[PDB]
Structure formats: structure tokens, C-alpha cells
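Using ideal geometry, Cβ is built from the backbone for each residue, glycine included, and neighbour counts are taken over all protein chains shown. Just so you know, all these numbers are worked out from the coordinates, no wet-lab data involved.
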Amino acid sequence: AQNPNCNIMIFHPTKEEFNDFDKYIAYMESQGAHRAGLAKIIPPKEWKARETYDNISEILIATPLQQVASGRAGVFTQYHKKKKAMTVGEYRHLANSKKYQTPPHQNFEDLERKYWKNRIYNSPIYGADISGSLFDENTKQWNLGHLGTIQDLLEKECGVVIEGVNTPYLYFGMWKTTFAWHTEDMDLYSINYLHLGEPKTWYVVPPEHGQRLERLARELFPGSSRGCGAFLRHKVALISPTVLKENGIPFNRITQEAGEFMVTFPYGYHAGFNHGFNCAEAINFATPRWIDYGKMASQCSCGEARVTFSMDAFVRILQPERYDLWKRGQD
Ligand SMILES: O=C(O)CNC(=O)C(=O)O
Ligand SMILES: [Mg+2]
Ligand code: NI
Ligand SMILES: [Zn+2]
């Protein structure tokens, strides 16, 4: 078995190897990459997402989210308070303000310490889940706006044609902005490209050990657990590495820098934070290996997680028994 310790793998494809996305994903899995839940892909040196970032300041963040924390430093929840719209230029200036900027630090490890010690005492503002793309239309390789669609994968594998579309999303982050412990909708893959700015630190639990993280989460967030049988789908709970280590939960960590791709694998729980002002683009995708994960994916039926038009069809086709109760939560 390849990669039996489930370490995060880092790949350096040549420009030749960067032509066929599906094939490269299948290569990484041949080497065991999915066992970690997360992989880093460093693009060929010749490749670029676009020529410059010089004209992005007029993108609108219609609903910036202020991430307010409750709990203790290593075990907390966050709620998103909606703020007034602002442009990317306005947001960048805010991120660079004395109130919100990254503190002085020695290296990524010191910064990680400061994040876990101090996150809960601040409320950074995240420009998340903005439909759009920063890839130039002429970028042919690993263009997250030109990927094969999940609906087309389901059609190719299963023969059934369904409605729905699959488009990317932009994330504008600042120091301390946080992504809570989650897997993707329908336990899909995700791919995330860090277009610009400061790094993003990731934590991940191997898919084979996801239920260990779920059991810990039920113990640490016991009211949330009683409220919903899949409450990590709400994307609100944080657990620190120290706490995970105290409870024997297998995980790994890695820092993504600008210009790098990360891939999350089906049922790979992940969480993390941004080091400073940055812009990431991400999208879900599927492969044939995903289908079985999609059929087994948990679902939020309490009604909090409230998810896309396109997830309807996935549930309807892969999870027909759940169908019914799940759409009661989404209507
Ligand atoms: O970048 C973020 O805030 C969150 N991204 C992801 O969870 C992802 O790409 O799957
Ligand atoms: Mg602009
Ligand atoms: Ni994710
Ligand atoms: Zn729920």
C-alpha cells in the first residue's frame, strides 16, 4: 500500500505532465496521495494563472463575513456576521490596517503559535464564496474555470443526465481568517489555487480516520452534536492541533504559498487559516473513485447547512432514500 503513514505528498509536475488534469490526479492517487486527505501541487515553472494581478481591486465582496469566535483557544466555534459590501481594494486596505494586519513573527511556526493562542480574541473579516475566476481564459492547464464538471462525471460513470452547474469561487482572506473543520459537499474533492498574497496553513485528517475526528467533535461540541447528526457540515467548529494531539487524532499540517495548488480528497477533513491578505480560488470536482463516497456522504438535515442547487441532484441520484428528509432541511 502506498503512503501507509498518510503523509501529505508534494508533487512537482513538468509542463508535459500538467496537460492532462484527470490523468495527473489518478497518478497522485497511484502514489498514495489521497491517503493523507490533502496534496500540494507546485505548477511547472513555465506556467502562470494569468499575466498580472494588477487590475483586481474592483471585484466586489458583496457580503464580507466577520468571523466571531466563542469558546476556548483550542476548541471554539465561529459565527459569521454579515458586513456591508466592499471592493477588493477596500478589503486589502482593511487587511493591511493596524487592527487587522499580520503581527511580527519569526517564521510560519511562530505565526501558527500566535494564531492558536490568540485567534479567539479577534474577529477577522473573510471575503468568502464569491462566484468567479481569476484564471486567464487562455490558460489551458489547470484552469479551475475550465475543468470537467461533476454532472458530466456522474453522467459518464452512471449514465444519468442531471441538471446543475459547477463553477469556481474566490476567497479573499486576511490574518486569522479561518476555515472550520469540514469535508466537501457530498464528500467531493476540492482544488484550491492560491493566486496571490500571504500563505494559508492547512490541517487535515486522513480519510480512513475521519470518524475519529467526528467522534472527538461530538464530545467537544455536545449540544451541536445533539442538534444535528452531521453538524460539521455547518462549517463552524475549530479544534487545535494541540487538542487533536491530546486526543490521539491522526492529522497532518502544511502551509500553501502563493502560486501553489492544494487538492483535498473525498472525505478528507480539513481546516486552516490565512497568514495575511490573500486571494484563493477553489472548486469541487469528482473522479470515478468519488462515486462511492458520494453515496455514503453524511448529510445535515437540521437545516443549518443549506446547500446549492446542484447538490440536489447529487442527493437525488446517489442517495434516493435520504432525498425526501434532506430536501425538507433545504426547503
Ligand atoms: O480556502 C478556504 O477558505 C477554504 N477552502 C477549502 O476548504 C477548499 O479549498 O476546500
Ligand atoms: Mg477589478
Ligand atoms: Ni474545503
Ligand atoms: Zn445540521
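Need pairs with beta-carbon distance below 8 Å; first residue closer than 19 Å to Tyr269 by Cβ and within segment 174-200, second within 16 Å of ligand 2 (Cβ to nearest atom); sequence gap 6+ or separate chains.
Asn192/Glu281
Which of the residues belonging to segment 28-47 are under 22 Å from the mean Cα position of the chain (by Cα) and more than 21 Å from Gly210 (Cα to Cα)?
Scanning segment 28-47 gives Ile41, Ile42, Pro43.
Taking the condition hydroxyl-bearing (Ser, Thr, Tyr), within 16 Å of ligand 3 (Cβ to nearest atom), crowded, with 21+ Cβ neighbours inside 10 Å and closer than 21 Å to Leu170 by Cα, does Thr308 pass?
Judged against the criteria, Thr308 is not a match.
Return the residues of segment 233-272 that are within 12 Å of ligand 1 (Cβ to nearest atom) and farther than 19 Å from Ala36 by Cβ; say none if nothing qualifies.
The one that is within 12 Å of ligand 1 (Cβ to nearest atom) and farther than 19 Å from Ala36 by Cβ: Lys235.
Here are the criteria: (1) farther than 24 Å from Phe261 by Cβ; (2) loosely packed, with under 14 Cβ neighbours inside 10 Å; (3) in contact (Cβ under 8 Å) with a residue 60 or more places away in the chain. Tell me which single one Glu51 does not satisfy.
Only one criterion is unmet by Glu51, namely (1).
Pairs, please: C-beta under 7 Å, at least 6 apart or cross-chain, first residue within 14 Å of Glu246 (Cβ to Cβ) and in segment 210-234, second more than 16 Å from ligand 1 (Cβ to nearest atom) and among the aliphatic types (A, V, I, L, M)?
Sorted first by the residue in segment 210-234, then by its partner, the pairs are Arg212/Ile249; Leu213/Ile249; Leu216/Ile249; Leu220/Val75.
Tell me, which strands (runs of 3 or more DSSP E) lie completely within segment 45-139 with 2 or more residues that are within 16 Å of ligand 2 (Cβ to nearest atom), of a type outside the set (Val, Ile, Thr) and over 28 Å from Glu219 (Cα atoms)?
So the answer is 125-131.
Could you run through segment 1-18 and say how many residues are exposed (fewer than 14 other Cβ atoms within 10 Å of the Cβ), assigned to a loop (DSSP other than H, G, I, E, B) and out of contact with any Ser or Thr (no Cβ under 8 Å at 6 or more places or on another chain)?
Counting residues in segment 1-18 that are exposed (fewer than 14 other Cβ atoms within 10 Å of the Cβ), assigned to a loop (DSSP other than H, G, I, E, B) and out of contact with any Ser or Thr (no Cβ under 8 Å at 6 or more places or on another chain) gives 7.
Going through segment 54-88 one residue at a time, which ones are hydroxyl-bearing (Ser, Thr, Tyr) and either surrounded by fewer than 12 Cβ atoms within 10 Å (Cβ to Cβ) or touching a residue at least 60 places away in the same chain (Cβ under 8 Å) (or both)?
Answer for segment 54-88, where residues must be hydroxyl-bearing (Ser, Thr, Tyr) and either surrounded by fewer than 12 Cβ atoms within 10 Å (Cβ to Cβ) or touching a residue at least 60 places away in the same chain (Cβ under 8 Å) (or both): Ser70, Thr77, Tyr79.
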